[PDB]
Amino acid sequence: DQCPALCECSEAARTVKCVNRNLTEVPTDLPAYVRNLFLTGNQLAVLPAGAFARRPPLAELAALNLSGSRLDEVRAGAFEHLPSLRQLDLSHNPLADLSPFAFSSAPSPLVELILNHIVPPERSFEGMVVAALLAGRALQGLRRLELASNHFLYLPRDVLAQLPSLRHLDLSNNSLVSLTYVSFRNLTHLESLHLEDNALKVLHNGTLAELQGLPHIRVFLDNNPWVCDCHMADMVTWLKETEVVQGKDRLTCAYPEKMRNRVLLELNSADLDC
């Protein structure tokens, strides 16, 4: 019941905030009632196994925000003994060392995992993150996954295949160039796909047909360097026909120079040349 030093607590809101206080470790005496825990703006460095494990357990803790706390290492079992944990945010931490077992018929309770801007200053980083996502099949109930701003070069096919509860996937502000060797064909449950601010030049017929087949999907494609040549014709025709693209009026050509900033929806065959 008390409230740890350097924290603010509310029994009524079941909320604990230990924010911008330069904590170097997770407080040991958190009250058992906590449902929402904010540990942002600190200097944690490393989160060890069982960093939140207590007796009695924090059995009500459902939302945990560790954003912007200079974490460079998250070790195996860091989140163990948190049977109610639904939402975890590790964004804006330079995670050089994310254990493959950081998050792991007995799946993790996690539903939402927010991992934006986790890439440390320049062993594949994307590979390390994917391993942590897929270890033990622990992330079965995961419905929302955010992986913005990570310098990722590819859309990881294994994540789409092996997290089939996913409803929301954010890969905005990465460096994706192509979707050619990834299939969206069977992603029934996928409701949102954020691909804004990548390096995509064009979408090909295969991709377009796959997306068109999904019952719930909303795709975000703004601020990519689209190339308005003859290879763009299928995508322009699709864009005119589709309802799955959000804010489709904003999509513009980056190249060639004579088409720069032209709206894709307005383009006709005579504009799309090679």
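Residue numbers run from 1 along the displayed sequence.
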#### Entry: Gap size, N150 back to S149 (deposited sequence, no coordinates)
none
### Query
Mean C-alpha B-factor higher for 26-34, or for 213-221?
26-34
### Message
Comparing average C-alpha B factors as deposited, tell me which of 157-165 and 186-194 sits higher.
### Response
157-165
### Task
Would you mind checking which of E126, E112, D170, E73 has the top Cα temperature factor in the PDB entry?
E73
## Note on the structure
One of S175, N116, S105, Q87 has the largest Cα B-factor in the entry, namely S105
## Note on the structure
So, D234's CA B-factor, relative to its chain, sits in which third? The lowest
### Task
Tell me, lowest, middle or highest third: where does the Cα B factor of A135 rank within its chain?
highest
### Chain-wide C-alpha B factor ranking for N65, given as lowest, middle or highest third
lowest
### Task
Taking the values exactly as deposited, rank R144 by C-alpha B-factor within its chain and report the matching third: lowest, middle or highest.
lowest
### Query
Once the chain's modelled residues are ordered by C-alpha B factor and cut into thirds, is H204 in the lowest, middle or highest one?
middle
